[PDB]
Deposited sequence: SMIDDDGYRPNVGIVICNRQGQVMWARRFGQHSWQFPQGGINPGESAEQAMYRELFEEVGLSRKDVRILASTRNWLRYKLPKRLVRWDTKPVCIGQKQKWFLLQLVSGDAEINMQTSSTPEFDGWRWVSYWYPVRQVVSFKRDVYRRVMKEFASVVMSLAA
């Protein structure tokens, strides 16, 4: 997507949960680092539309396979380490986050449809596992996201 005048790229992130107090955790393509799905917002796209596009592209899912349970109100920002900053220059992402419950079967997820996948694949992890496990520069954002979505996911686990 197009970079704003502050160097931040508008971005959507996706936390997909089940009814067992678990969230979908995905392995970055060709790496041993893991994250939640995230993607850019195209010009003319709403955040929700961008979310469903990134859901289709890299998780293989339809609106019909999920239900939106929550979203974050404003932008959550992270800055890249100086080493990872590659005209115009992107220094980080400003993110809107969505909590989805997977209602279709696990077999509906397909992370291998792109010629260059974001992810190798995924597994279910315990709810709080992502906070300690994501790359450190995203940890502050992840902590806030997971805190905001906490009450909803724990209700399904009961």
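- Against the full deposited sequence, the model leaves out just one stretch, namely 87-89.
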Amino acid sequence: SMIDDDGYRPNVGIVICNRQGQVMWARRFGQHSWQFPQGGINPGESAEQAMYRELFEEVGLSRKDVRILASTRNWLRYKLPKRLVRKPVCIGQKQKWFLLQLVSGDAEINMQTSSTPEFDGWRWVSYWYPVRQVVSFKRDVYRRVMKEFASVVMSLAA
From here on, numbers count along this sequence of modelled residues.
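Under this definition, the rigid core comprises the largest set of C-alpha atoms superposing within 1.5 Å between the forms.
- In terms of root mean square C-alpha deviation after superposing on the rigid core in 5 other deposited structures of this protein, the stretch standing farther out between 106-114 and 57-65 is 106-114.
- Stretch comparison, 30-38 versus 115-123: after rigid core superposition, larger RMS CA deviation in 5 other deposited structures of this protein is found for 115-123.
- Mean CA temperature factor is higher for 133-141 when stretches 10-18 and 133-141 are set side by side in the entry.
- The PDB entry records a higher mean C-alpha B factor for 111-119 than for its counterpart among 49-57 and 111-119.
- Per the PDB record, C90 has a higher Cα B-factor than any other of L69, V125, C90, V103.
- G39: CA B factor in the middle third of modelled residues in this chain (values from the PDB entry).
- Residue-level temperature factors show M24 in the lowest third of its chain, judged at the C-alpha atom.
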